[PDB]
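Chemist: Got a sequence here, can you build the structure:
(5 chains)
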Amino acid sequence: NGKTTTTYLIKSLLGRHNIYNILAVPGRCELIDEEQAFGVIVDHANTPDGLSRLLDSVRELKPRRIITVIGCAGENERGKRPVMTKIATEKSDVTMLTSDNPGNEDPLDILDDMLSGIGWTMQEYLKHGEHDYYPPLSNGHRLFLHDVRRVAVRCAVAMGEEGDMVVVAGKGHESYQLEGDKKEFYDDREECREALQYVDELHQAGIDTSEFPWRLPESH
Amino acid sequence: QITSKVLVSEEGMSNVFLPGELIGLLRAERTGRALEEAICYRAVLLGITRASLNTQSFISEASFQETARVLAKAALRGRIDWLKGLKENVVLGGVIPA
Amino acid sequence: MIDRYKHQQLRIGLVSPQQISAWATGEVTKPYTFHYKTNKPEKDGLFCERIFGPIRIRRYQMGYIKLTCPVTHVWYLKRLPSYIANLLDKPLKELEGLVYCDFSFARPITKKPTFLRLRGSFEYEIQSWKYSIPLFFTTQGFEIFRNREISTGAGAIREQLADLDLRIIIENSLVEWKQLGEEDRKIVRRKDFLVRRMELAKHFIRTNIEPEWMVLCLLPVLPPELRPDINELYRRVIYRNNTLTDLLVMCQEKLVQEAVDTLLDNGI
Amino acid sequence: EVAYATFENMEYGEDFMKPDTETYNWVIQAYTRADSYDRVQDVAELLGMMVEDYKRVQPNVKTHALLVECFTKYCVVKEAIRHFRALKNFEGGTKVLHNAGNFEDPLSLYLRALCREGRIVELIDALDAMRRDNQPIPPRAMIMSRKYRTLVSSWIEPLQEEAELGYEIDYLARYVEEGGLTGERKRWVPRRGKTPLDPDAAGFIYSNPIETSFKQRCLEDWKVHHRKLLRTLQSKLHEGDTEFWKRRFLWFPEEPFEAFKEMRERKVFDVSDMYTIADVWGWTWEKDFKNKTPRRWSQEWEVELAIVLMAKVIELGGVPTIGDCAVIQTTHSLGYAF
Amino acid sequence: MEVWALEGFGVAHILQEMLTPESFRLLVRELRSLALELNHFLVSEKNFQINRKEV
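Modeler: Numbering: from 1, shown residues only, chains lettered A, B, ... in the order given. The protein structure is shown below:
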């Protein structure tokens, strides 16, 4: 742990794990700063214990809420899909499930495996969408879902408030989103960077993006 | 042919008959003896025009009157014509079963 | 005696886009009938010899037109009582404007995630949907999920038909039918609507006809020998359909949809 | 239609060609196992023709097994119950209906349809017939829902909800045991197509019946009986009593009873034509199940049915789940701890 | 009316000669222009095999 950040420091930061690195970075709790009131960090954590360690380091910073964007790779690592959802829903105030690297597997099938870790199914979630209301979990946390990673990342940034933290885990510094066989170019840092710029015009347009679904001015 | 049909009453709802369905009199009689599934029906007098548009052959109906309405309904349910009648086989150019 | 058994049957059914292609292969792409100078059939036209045969197979060989935008079949939309309107449980007035007027339908689908609280038919346009949302998600990323929150044209209807749960329709119609029973010209009329809807749903379940085939994606073309009026209607559909694919708008989709309605059943 | 053409050759032929009981069974079986289209009206009319031939044709075990299978598939449950009662009196009985698990296991579908509609009293009586025939409950009958409940407890009416169990459910254990590590898991993702997502809809023509609790069924039965009472008040129930209606039955005249007399004088209709399937097939037990006031649901009644039902399932080879026990000594006999 | 008279006599083969198929093959193509298919199937009374006639 801490080899990459220490190497960057030695050649030339958030959490107490970076204090050790200072005593002794792309995708390593990388803060995305655009002069806003909430922190946005992009990390490469894609394992149940990596996510648990990451979310416990965020909680010690004392944010008001933690908003986590997480997904699972397709065709591989089928055992962590329910595990990472249980961890995210018990450590994050709002959880946004999405697609990390579907490959040749359907993204809604992976999300169904993830939903099984908290006792849900895709059909039940879609039924709640028809009634335009997604209920909270047993612990009072919120879970939302969208199979398009670009939509889910930016919608989570739009849910940020004053003194919150938005954690975009899974990819980190990787710059590809594998769909089918093509490795389409996709950078998580750019999506967070661009969503912060245009979140102001979205709010003054009357749109309420506090949760799912959004409340447009012309919707009741 | 005018007096061989009954109309399933508006209150007769089941998985066998639907309300407003046109069924043969003999079929309705036989089902009544064997079931108590809300088989409620009244005799209806069908004019020879209306009786000719409620046959067992969509080909005969489509060649008689209102072809577009007949074919649109039959095509949506995959209706099958077993070619028992005479005009059905005349259209197909075969040998009539008589 | 034993009857000399003879079992012959013929059936009609709505045709899939795949079966339409299988008929032709064969795509007619030019509105040309015959060359002026050579007096020969124009290549890839309504009389193309590579599509229909040399100038007997021209009496039986079909072609097809690849529509850039899907169009509803006028038999199942306008001929009262409407089949599409009855199956979708929406009044034909609110559903005809989705085809021929400048309306848009929100939340056309229910089997994929959505995040906007829009629903129903919007006669106007959503103000934020024009600038703010496409800018926030970028245009390239917006086009992926655009036709999942609100759609327009006959294509929106086809998405509703394709996403219908026919077994849900039967149970919802039955419970609503009984609820009216426990409780004067509207109650009786609504009961007849529910019986037709559940009858329609049952036939789709036990057959191989898909309800989304009521919206045409491909347009079969009559063989040339049967059209030595119809030719002008075909050219009109091809002309506007080629115009629409050059632009790629909604006003042009109405022109394509209206032309197909004229070709299939005029006077409606 | 192939088999029905041969049947018509026999029905409208000479005396030595007339259909027998086996002939009706073959034609009924052809329609029940048709590949496409709705055939329930064809079967019901054939049944009426067979009943009209009672003086010469009587049913056997196969006739009732086919009719139970047909009405269950089309979810005409109340008619499947009538023919299952007649099937009980035949030795072998439920095994013939089981069909060795073929044709979507009609024995299990009958049990599932009774569970889905809250007809628990009928469901227990069905299990009694299976016991006397040495017939174990098939796995298709013991299918498990998402909340891990079976027919033992699916009609107690917190519906589609789990029980407390005294501890948190391990959803990762369920994920592994459902094939989540090898790609063999059942995904509950809605998809386009006319194929039901629920595995309990397999075998039915138009999906399984909607879930109705035992409490709703008793309430609905209670309302229907009083609707009949209100209908006869405007005009004791006598439904199915042919002898009573024959007594009341005893230009056509506009007056009803005068018209009935003219129908007999002109031989239009007489009391010899007044018979139902119950009285020509010797259904002496059906007068016990009709014209009686239904029993009102009580939570105590629901519990004792569940204890009886759970005992029958265990002694017939079924394993109720840990969730089923909590919803309802027997829990620990299965190796479960709360 | 001429068809009806022939049917009343039961002269099935005379009626077939006076009608003859191009009348039905052309009908199928015109129905295909409306996205409808009209298939003619023969079911064998011997082995129950379904044959799609070339129409």
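Chemist: how about the nearest residue to the closest residue to chain D within chain B, chain neighbours excluded?
Modeler: Of all residues in chain B, residue B:30 sits closest to chain D, at 2.5 Å by C-beta to the nearest C-beta. Backbone N, C-alpha and C define where each C-beta goes, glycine included. Residue nearest to residue B:30 in three dimensions, not counting chain neighbours: residue D:48, with 2.5 Å by C-beta to C-beta, 6 or more residues apart in numbering or on different chains.
Chemist: What residue in the stretch 1-150 of chain D comes nearest to chain B?
Modeler: residue D:48 (2.5 Å).
Chemist: and that residue, which of the three is it?
Modeler: Per DSSP: H, G, I helix; E, B strand; the rest coil, the secondary structure class of residue D:48 is helix.
Chemist: Wait, it touches residue B:39, no?
Modeler: No: applying C-beta atoms under 8 Å as the test, residue D:48 and residue B:39 come out as separate, 10.3 Å apart.
Chemist: shared neighbours of these two, anything?
Modeler: Listed as contacting both residue D:48 and residue B:39 by C-beta atoms under 8 Å, 6 or more residues apart in numbering or on different chains are B:31, B:32.
Chemist: Is the residue of chain B closest to chain D in a helix, a strand, or coil?
Modeler: Strictly by three-state DSSP, residue B:30 counts as helix.
Chemist: Can you get me a residue count around it?
Modeler: 20 (other C-beta atoms under 10 Å in any protein chain shown).
Chemist: Contacts only, for it.
Modeler: By C-beta under 8 Å, 6+ apart, residue B:30 lies in contact with D:44, D:45, D:47, D:48, D:49, D:51, D:52.
Chemist: that older thread, how many neighbouring residues does the residue nearest to residue B:30 have?
Modeler: 21.
Chemist: Report how many residues lie close to whichever residue of chain A sits closest to chain E.
Modeler: Here the residue of chain A nearest chain E is residue A:106; by C-beta to the nearest C-beta that distance is 30.7 Å. Residues lying near residue A:106 (other C-beta under 10 Å) number 16.
Chemist: likewise the one 3 residues further on?
Modeler: Using other C-beta under 10 Å, residue A:109 has 17 neighbouring residues.
Chemist: Helix, strand or coil: sort out it for me.
Modeler: Assigned state for residue A:109: helix (three-state reduction, three-state DSSP).
Chemist: Excluding chain neighbours, what is closest to it?
Modeler: Spatially, and ignoring its direct neighbours in sequence, residue A:109 is nearest to residue D:187 (5.0 Å; C-beta to C-beta, 6+ apart).
Chemist: quick one: is whichever strand or helix holds residue D:26 near chain C?
Modeler: Applying DSSP states H and E as the criterion places residue D:26 in helix D:21-32. No: shown here: helix D:21-32 not in contact with chain C (C-beta under 8 Å from any C-beta of the partner chain), separated by at least 13.1 Å.
Chemist: from the middle of its chain, how far away would that helix be?
Modeler: 19 Å (C-alpha atoms, centre = their mean, to the nearest Å).
Chemist: elements contacting it?
Modeler: helix D:2-11, helix D:40-52, helix D:61-73 (3 or more C-beta pairs under 8 Å, 6 or more residues apart in numbering or on different chains; DSSP states H and E).
Chemist: how about the residues of the stretch 151-268 of chain C that lie near chain E?
Modeler: Counting by C-beta under 8 Å from any C-beta, the positions of the stretch 151-268 of chain C adjacent to chain E are C:213, C:216, C:220, C:221, C:222, C:223, C:226, C:264.
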